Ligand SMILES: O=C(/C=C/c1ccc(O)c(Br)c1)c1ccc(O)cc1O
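Single chain ahead, written as structure tokens, the form solved without this ligand.
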């Protein structure tokens, strides 16, 4: 990690964000004039700060990843109190906020945006990296003011390189979005991201959250038992192909769940014939419900 003062290389401005042991400022690199985001992460052994091990794992994954749909790490600095990630400036806001500004969305147009999400995940999974926190607030746009906005997956704070010879178990993430193996403290791997893609998709089409209960206890029980329905109220204009794609992801047994590669060949994403393309063209997002959803931190432990 770079030992120089980040201020010698960057001018820093306004706060873009803050979470528990971090703050994000917009910054401009002095030698090039280009803008980035600088995330200052408080170093911890002490119940304040992020552990060295977690900081290093997240940085080691960011340094590896280079793909148009995943946020890029520029440089990393360190002083006595922080680690500072200089990151690509991802300034278009959340995908669902952007989609909720539109009047309508066919299933065909929704798959367009989903496909960029699938391609970023396809790349991560091909490097044996599980993201482990896929949910709408981690799916952003690079710049909303262009003909075809680019999706960026962000926030690799929970990402792990999958180790063939050693099971990984942990309890983390947001209850609405975590796979049953996370709720049951079972072996975790790439499949958990696939389940969360199923949840993002179900919400994208309906504006409803599939497993959400009135309490945290109920949500977790719903997740663990895979207890969800496609209610007519929300899903009466959704194609059978959509619902099949979701059904193939929201699967208790991780070995039976569709993989990223399968997902990208699914006929709802890649129709094999005219009939399938027409079925997709005839269905559309429940935009009135989806707008309420977009207009509405939360942790497993």
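Rigid core here is just the name for the largest C-alpha set that superposes within 1.5 Å across the two forms. Residue numbers count along the first chain shown, from 1.
The next section is about a form of this same protein that is not shown, the form deposited with this ligand bound.
- With the partner omitted here, the stretch from 182 to 190, 106 to 114, 150 to 158, 210 to 218 that lies within 4.5 Å of this ligand by heavy atoms in the bound PDB entry is 150 to 158.
- Using a 4.5 angstroms heavy atom cutoff to this ligand in the bound PDB entry, none of 241, 247 and 267 count as contacting.
- Residue 130 falls outside the set of residues with a heavy atom inside 4.5 Å of this ligand in the bound PDB entry.
- Contact check for residue 37: a non-hydrogen atom falls within 4.5 Å of this ligand in the bound PDB entry.
- By the criterion of a heavy atom within 4.5 Å, residue 78 is excluded from the residues contacting this ligand in the bound PDB entry.
- Contact between residue 71 and this ligand in the bound PDB entry is found at the 4.5 Å heavy atom cutoff.
- Only one of 118, 90, 100, 203 comes within 4.5 Å of this ligand in the bound PDB entry through a heavy atom, and that residue is 90.
- Contacts of stretch 218 to 249 with this ligand in the bound PDB entry, defined by any heavy atom lying within 4.5 Å, are made by none of its residues.
- Only 216, out of 74, 161, 115, 216, shows a C-alpha shift of 2 Å or more between the shown form and the other one on alignment of the rigid core.
- Superposed on the core, the two forms differ at residue 96: its CA moves 2 Å or more between the shown form and the other one.
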